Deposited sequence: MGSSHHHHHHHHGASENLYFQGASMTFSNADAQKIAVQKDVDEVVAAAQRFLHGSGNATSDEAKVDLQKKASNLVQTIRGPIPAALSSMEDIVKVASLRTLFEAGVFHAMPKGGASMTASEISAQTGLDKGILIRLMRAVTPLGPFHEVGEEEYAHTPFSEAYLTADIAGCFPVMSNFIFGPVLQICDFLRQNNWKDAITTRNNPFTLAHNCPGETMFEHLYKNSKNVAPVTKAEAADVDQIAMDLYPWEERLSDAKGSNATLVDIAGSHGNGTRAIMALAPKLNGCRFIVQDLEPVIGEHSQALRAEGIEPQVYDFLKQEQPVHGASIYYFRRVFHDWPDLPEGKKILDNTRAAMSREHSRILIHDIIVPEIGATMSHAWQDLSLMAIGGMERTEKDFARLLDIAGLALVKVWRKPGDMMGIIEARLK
């Protein structure tokens, strides 16, 4: 009875696989369809009622991965598939051997590790992937600061009878961390020991953001004299402008500034000075933009942290002050969420932001943000199959 379903889902896996393996790098659409039919097959093998237990498996799995990562198990275990006993892991990390053995049961049956024998474990490339720069920056911060709040979205909205009371300073993050009134950045930066971990997470770029989407060379060159300036607003580490300076070196003596809050500027200031970009301490919620007439004010993965009102309009207004009507442009670089057919990649980013009062925006959402701030849309720049686009704006 269930055998008939398994057989059909297997057929559709084989069909999507053959399609994927003979498309050309339609490759991304054939890849998502293959992934979707492969996931259907897992669910069909489990059946509806046992598959509803997957949430409880996923929770302990995440909990174990996070504990194993923070306790040094990933670092202690030998890379390349050589095996190691629970005793030796426990001896070198300090993690209780009894706990460790119980935790490994979540990450070996399918989990990214491999059970070589009784109390004997090995890395695979799926577990070593957590030691990689983007994962190692993103996963610890998410797991220590964001997963908790995300699970409490239900409790936050229950307090308001499932109405939207979420703000930037009153949200599942402030509930979980008991910091009502503090935005997420304020609370994290309060403890300087968090700044290095948090700035590294802001630098994580798993999707490898496409920076050649916009023509920086053509527009930055035509800027004469003082106009020839780019402001990376909340540019954090500066890698955004490093890419731009690497996409347009047919240049003049251009001014490249990266602005951010004081702790972030302090963490990166020397590395940034060293590549000829100047760091600036700036708060786009407390101050007007302190650089006038610049050719471009650039915003990458900043506006997904703030609702249209009040903060969204206040950022745009604070940099509206410094702009030239016909020589300055605002560039908003962020995910553009489709109105249909969004992926789990849209969903985990949007819903994690829901916890701190942010949101990933649709095209129509960007339209309101511009309208509400009295700006005209020059052009949306998107290279389809790219999640991000660049909203190019101007004073109208």
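**Student:** Got a list of the deposited-sequence ranges with no coordinates?
**Tutor:** No coordinates exist for the deposited residues in 1-31, 57-58, so these stretches are absent from the model.
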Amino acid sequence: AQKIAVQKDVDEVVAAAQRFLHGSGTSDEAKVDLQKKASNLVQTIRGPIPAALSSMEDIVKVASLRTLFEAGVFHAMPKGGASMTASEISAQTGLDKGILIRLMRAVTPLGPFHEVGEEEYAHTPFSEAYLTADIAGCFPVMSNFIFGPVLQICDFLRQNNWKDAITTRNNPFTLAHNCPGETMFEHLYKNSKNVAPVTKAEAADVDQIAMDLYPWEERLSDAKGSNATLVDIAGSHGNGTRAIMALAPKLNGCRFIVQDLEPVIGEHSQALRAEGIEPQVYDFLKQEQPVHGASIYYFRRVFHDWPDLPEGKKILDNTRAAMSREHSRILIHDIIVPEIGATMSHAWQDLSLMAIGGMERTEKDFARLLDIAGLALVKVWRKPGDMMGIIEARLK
From here on, numbers count along this sequence of modelled residues.
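**Student:** For the C-alpha atoms alone, is the average B factor greater in 247-255 or in 126-134, going by the entry?
**Tutor:** For C-alpha atoms only, the mean B-factor is higher in 247-255.
**Student:** When the C-alpha temperature factors are averaged for each of 97-105 and 312-320, which stretch ends up with the higher value in the entry?
**Tutor:** 312-320 has the higher mean C-alpha B-factor.
**Student:** I'd like to know which of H75, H268, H304, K163 has the highest C-alpha temperature factor in the PDB entry.
**Tutor:** Each of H75, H268, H304, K163 was compared by C-alpha B-factor; the highest is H268.
**Student:** Of the options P172, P279, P140, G111, which has the highest CA B factor as deposited?
**Tutor:** So the option with the highest C-alpha B-factor is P279.
**Student:** Hey, what third does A223 fall into on Cα B-factor, ranked over its chain?
**Tutor:** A223: CA B-factor falls in the highest third of its chain.
**Student:** If you rank every modelled residue in this chain by C-alpha B factor, which third holds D155: lowest, middle or highest?
**Tutor:** Bottom third by C-alpha B-factor.
**Student:** Within this chain's modelled residues, let me know which third the CA B factor of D386 belongs to: lowest, middle or highest.
**Tutor:** CA B-factor rank for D386: highest third.
**Student:** Sorting the chain's modelled residues by C-alpha B-factor, tell me whether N144 ends up in the lowest, middle or highest third.
**Tutor:** Tercile = lowest for this residue's CA B-factor.
**Student:** Compared with the other modelled residues in the chain, in which third is the CA B-factor of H327?
**Tutor:** Within its chain, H327 is a highest-third residue by C-alpha B-factor, going by the deposited values.
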